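Presented as structure tokens, the chain that follows is alone, the form deposited in one PDB entry.
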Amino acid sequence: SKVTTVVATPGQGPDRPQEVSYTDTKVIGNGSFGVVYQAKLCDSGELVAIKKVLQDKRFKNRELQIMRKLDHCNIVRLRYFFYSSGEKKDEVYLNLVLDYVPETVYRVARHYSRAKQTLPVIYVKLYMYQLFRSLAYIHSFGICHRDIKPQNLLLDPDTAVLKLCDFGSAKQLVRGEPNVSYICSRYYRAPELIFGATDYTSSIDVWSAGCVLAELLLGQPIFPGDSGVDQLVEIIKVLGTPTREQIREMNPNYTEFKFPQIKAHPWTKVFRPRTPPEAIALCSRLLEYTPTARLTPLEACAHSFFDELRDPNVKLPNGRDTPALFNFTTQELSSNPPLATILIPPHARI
């Protein structure tokens, strides 16, 4: 087959470019970002994804700057990066060589939905725990993903490994600095964002993760609607009408605007009867109006819902062992070090 050779800089470590050869290049994604390709490394035979985006030279690429700083088992690793041409003549493309993860939470959730089945609760715990670990990690550097949604959550169906992807909307949130409210995808946007808040925190990713949990439990999005108004109506139908205080906590420019006085709906009636109570309690705690009232990713990891993952007898339905779940770093635990008493179970490999 056609072999492409490039002089790529490694993602982590010293800036020491290497000749990287790859083959079997197929397009696997096309979006607002640019193009995502799948390719096989000639050396290892290992599969990779290459994200190709047009570079301005006007500034450094924000995604690359973020990607270069990260190393987590639940985040798609930046292996290399290089520059090229490809669609535009006289223009530069930045190419991010990333880990390849075969499936998306989006496609898997769709399979079950179509077959009128729900994703087994063991997978809901595995996928959600791993998402919270990735969130604890990025948040520990002050980095907010800002686009948490099923399409950005990659899975290995055989290993049960989830890896967060898309660092295109990612930004380091500094207190007092204003940020664009128009980030985040429909169904997954926190109420502060819908209200156009520019003072939001990393707790927007927690709201999004909570929407993803509720969707895997329901078999459909919890807060649908093609407009902010429709989305808010669906939120109010579950959470009840936000208080004047709760409105202030999100955006204080929307306090004088009248809302439909809906009763605070019991979260147990939202989900099917068989739904575990700890799953319901987790949603309740993530999907909160007051951004500060939401659990943190590290606290979410330590929630009762994930206890089965900490059981020494836990196994994957295919017989295999669970992937890495307890290899926490000092950085990863930094937000609340005592949580490691819950997080690292006695049996955890050492």
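When you see a residue number, it is the position in the sequence shown, counting from 1. The term rigid core refers to the maximal set of C-alpha atoms that superpose within 1.5 Å between the two forms.
Not even a third of the other compared entries skip residue 234; each one keeps it along with the residues on either side. Across the other compared structures of the same protein with both neighbouring residues present, residue 103 carries coordinates in every case, with no third of them leaving it out. Higher mean CA temperature factor between 326 to 334 and 12 to 20: 12 to 20, per the PDB entry. Averaged over CA atoms, B-factors in the entry run higher in 236 to 244 than in the other of 236 to 244 and 142 to 150. Per the PDB record, 175 has a higher Cα B-factor than any other of 125, 189, 77, 175. By the numbers in the PDB entry, the CA B factor is greatest at 252 among 252, 102, 228, 221. When the CA B factors of the chain's modelled residues are split into thirds, the value for residue 312 lands in the highest one. Sorting the modelled residues of the chain by their CA temperature factor places residue 113 in the highest third.
When the CA B factors of the chain's modelled residues are split into thirds, the value for residue 34 lands in the highest one. In the PDB entry, residue 51 places in the lowest third of its chain by CA B-factor. Per the PDB record, residue ranking by Cα B-factor puts residue 158 in the middle third of the chain.
Separately, the form deposited in another entry exists; it is not shown, and the next lines address it.
Just a single entry of 230, 278, 158, 245 exceeds or equals a 2 Å CA shift between the shown form and the other one, which is 230 (rigid core superposed). A displacement of less than 2 angstroms separates the C-alpha positions of residue 195 between the shown form and the other one, with the rigid core held in common. In a rigid-core overlay of the protein, residue 255 has its C-alpha displaced by at least 2 Å between the shown form and the other one.
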